[PDB]
Number of protein chains: 2
Amino acid sequence: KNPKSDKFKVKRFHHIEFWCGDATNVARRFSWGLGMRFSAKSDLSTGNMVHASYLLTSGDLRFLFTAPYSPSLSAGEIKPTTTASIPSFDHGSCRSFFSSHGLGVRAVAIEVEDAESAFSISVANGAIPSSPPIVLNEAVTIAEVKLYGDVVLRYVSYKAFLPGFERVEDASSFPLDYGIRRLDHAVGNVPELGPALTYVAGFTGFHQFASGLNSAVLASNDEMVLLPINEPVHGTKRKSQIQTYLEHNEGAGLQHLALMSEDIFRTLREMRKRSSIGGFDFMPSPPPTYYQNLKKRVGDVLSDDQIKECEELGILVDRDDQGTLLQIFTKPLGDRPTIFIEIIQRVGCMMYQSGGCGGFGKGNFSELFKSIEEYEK
Amino acid sequence: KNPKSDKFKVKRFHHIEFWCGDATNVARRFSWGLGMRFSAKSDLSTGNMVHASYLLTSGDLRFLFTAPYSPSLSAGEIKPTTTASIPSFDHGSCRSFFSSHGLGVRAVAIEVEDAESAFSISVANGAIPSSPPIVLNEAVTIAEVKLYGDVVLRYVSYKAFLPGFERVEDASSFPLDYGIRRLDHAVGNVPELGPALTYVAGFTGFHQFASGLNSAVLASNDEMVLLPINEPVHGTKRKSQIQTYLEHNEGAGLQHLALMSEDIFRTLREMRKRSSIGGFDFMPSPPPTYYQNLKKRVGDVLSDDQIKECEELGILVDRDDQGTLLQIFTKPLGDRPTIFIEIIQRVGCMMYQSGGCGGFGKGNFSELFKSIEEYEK
Ligand SMILES: Cc1c(C(=O)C2=C(O)CCCC2=O)ccc2c1n(Cc1ccccc1[N+](=O)[O-])c(=O)n2C
Ligand SMILES: Cc1c(C(=O)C2=C(O)CCCC2=O)ccc2c1n(Cc1ccccc1[N+](=O)[O-])c(=O)n2C
Ligand SMILES: [Co+2]
Ligand SMILES: [Co+2]
């Protein structure tokens, strides 16, 4: 069931913004590790005396990395005279965020028809305001409401990246590409799922999309904006990884970003080649009992050779009634065991491909455990 | 002249420690960009609940990257019970440093015969204490005194990296190597050169080793520990880059690290290949008038082919009465126009090679300017 109850018109994920201590080093690491092109900037060299912001793109996926400069550089500025290209930016908020949580996501940005309307309707429906709608260069409108923890849901709307960003000159813009194409879903960890769901569904109208954690997925009308949320389950034998996150992150925040690849085998080969030379490490592969049991469950979908590819790369496979999901998880992106990335590819539900096709892999919790035991034998 | 007036016995540069917001991302970026191997760690996985520290090595060069975890992870600890592997580490000091200066060098570490003696003699001779000598695992002694700004001179002595660091398992330790072998000199920017010199020479006994800036070099008895210091010169037509540094860094700090390569041509080819794909950008090359005028000044030392190599790579050349210096400068290492790296190779003064052979390139200030004008023509 899909009541299509969005309170305003939502398009697609637009970008994810990381709040960093040094945006340069994080952006260069991510660029190399994920195969994303350096495509736009806003920093001292473009007249921004407030923050350094670097945009990486791969397909439709936009990763923005932002850090504050010395406040002394902009001490004479006021909000009407600011040289910041993102008017919601605040030195104190950014420094507090990063010292409290370490590296992680500040903003999940979705494009909407009308960001002013999206904000007012959201706030009228319980959203906690974070940054009021501001029209940039009479061309783009930006507004922010609290999502969970210190993460904000950012609305962006275009009359026709952002004003005051410059496109990067081609000599500095190496066209890296490992096959990642768009953001599939963005997942938050909170201490209590119930109140988090009620708040977010309450101001968006997003509907509930149909071990250590309880989880639920909120989705927009066409189910292309997918926002899962997790809570811990206490009292279990192994400690909840959601609780571990909350402890190391100092509370609620973004847990993982799932990135859709147009060729997850190519993506994972390219990423794994680079893990030890500046890129991203992947979680421990599951035992071969998992791949032995794969013929049975997805021999329908994947050939023996394509299943061989999965075992080499550590790809996990899940399947619901509609489609098939291939997935794998990176180790944490930074110092703390908090935010990680998921690489994703979905098979099925062709109409374009409908959103969430194949689910989110929760079948892989049981299959993994079972596979571990059958491997011990 | 070399009065050999060290007040304690100094060996070699031991390591440079960066204070970061996220040590993981900086270390992975530097590893890839400089060709340094990931060789040791101290973090959650080794029982350190206080800070994450990752060591990169290339030859004798040791770069350490450190960031604080959430203080809540170690809130029950006291200094006698600390799980920090570097006992001088302090959450508040590190967060203050990084939010004030951004990414940069906290510690210039030199190995000494006796770090307890080095500290006491230093403090008896005017050094401002920063961290008292602490003996780690009855094997290594560590102590710190203020150098300039919030940079400390760290003394390390070994009875026979540090206790509580683990060597990295080989699957995670890719043997990158672009030819960098050791730290040649480490340079500070201060507002006033005179008082800075008097302080540091005063507690070390280091002797003065024989445009926008005034500069002087302090050196140990065998002139292998080289600590140049710069001050700005105000009133010039172009603004002093030393003053720019002081403004963006919020005061005195480390300006550049000069890294000796056993093959600067190989190093720069390897680094330049990686600039746009996660590595380091280099400063704008000087005009061809510089390379045309190179035969005349160093045709003695470098063949036409080796001079061709210099023009391709942007290498600068200087020469004093004793030796020849090849050098090139990176763009800033992070968001702020503050700290950068210099790649270095020295030709001459064979005995081993005596320290500082060829000087530090100050002849290249005039040669560069001249070369610019002769290029305009
Ligand atoms: C997070 C996750 C997903 C997943 O993507 C997801 C959603 O997108 C919304 C629905 C709830 C959900 O779990 C799917 C399968 C999983 C899994 N995890 C946990 C995990 C794995 C690697 C690193 C950290 C963590 N961790 O700390 O939880 C796991 O073991 N299996 C088998
Ligand atoms: C720092 C420097 C050195 C140098 O290494 C050095 C020492 O090791 C101790 C003696 C004083 C000294 O200058 C040598 C030649 C130089 C130079 N600079 C400035 C520079 C260059 C690139 C990026 C930033 C800056 N900058 O901001 O100054 C320059 O133009 N030329 C020709
Ligand atoms: Co997921
Ligand atoms: Co130098």
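Throughout, a chain's letter reflects where its sequence line sits, starting with A, and its residues are numbered from 1. Start at 1 and go down the list; that is how both ligands and their atoms are numbered.
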Report task. Give the intermediate values and the outcome of ring pair (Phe, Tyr, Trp, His ring centres under 6.0 Å) for residues A:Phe209 and A:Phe360. Result -> CA-CA 11 Å; A:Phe209 180 98; A:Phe360 299 85; 5.6 Å; yes

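- Geometrically, ligand 1 and A:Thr330 share no nitrogen or oxygen pair separated by less than 3.5 Å.
- Looking at A:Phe282, A:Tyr245, A:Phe360, it is A:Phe360 that brings a heavy atom closest to atom 4 (C) of ligand 1.
- Note: B:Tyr199 and B:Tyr148 fail the aromatic proximity criterion, with ring centroids not under 6.0 Å apart.
- At least one heavy atom of A:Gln327 sits less than 4.0 Å from an atom of ligand 1.
- Of the protein's non-hydrogen atoms, A:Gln255 NE2, 3.2 Å is the one closest to atom 28 (O) of ligand 1.
- Under the 4.0 angstrom criterion for non-hydrogen atoms, A:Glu367 is not in contact with ligand 1.
- Per-residue contacts place B:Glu342 under 4.0 angstrom from the following atoms of ligand 2 (heavy atoms of the residue considered): 5 (O).
- Protein heavy atom in closest approach to atom 10 (C) of ligand 2: B:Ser215 OG, 3.5 Å.
- Within ligand 2, the atoms closer than 4.0 Å to a non-hydrogen atom of B:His185 are 8 (O), numbered from 1 in the order shown.
- Of all the heavy atoms of A:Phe329, the ones lying under 4.0 Å from any atom of ligand 1 belong exclusively to the side chain.
- Checked against A:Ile242 for a side chain to side chain contact (heavy atoms under 4.5 Å, CB included), the options A:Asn214, A:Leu213, A:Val190, A:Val233 give a single hit: A:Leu213.
- Only the side chain of B:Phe340 comes within 4.0 Å of ligand 2, counting heavy atoms alone; its backbone N, CA, C and O stay farther away.
- The parts of B:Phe365 lying near ligand 2 are both backbone and side chain, judged by heavy-atom distances below 4.0 Å.
- Looking at atom 9 (C) of ligand 1, its nearest protein heavy atom turns out to be A:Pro228 CB, 3.4 Å.
- Considering each of B:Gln243, B:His256, B:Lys362, B:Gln241, the one bringing a non-hydrogen atom nearest atom 1 (C) of ligand 2 is B:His256.
- Residue A:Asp318 does not touch ligand 1, judged by heavy-atom distances below 4.0 Å.
- Ligand 1 places these atoms under 4.0 Å from at least one heavy atom of A:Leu368: 32 (C).
- Taking any N or O of B:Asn230, backbone or side chain, none lies under 3.5 Å from an N or O belonging to ligand 2.
- Annotation: atom 15 (C) of ligand 1 to nearest protein heavy atom, A:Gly361 O, 3.3 Å.
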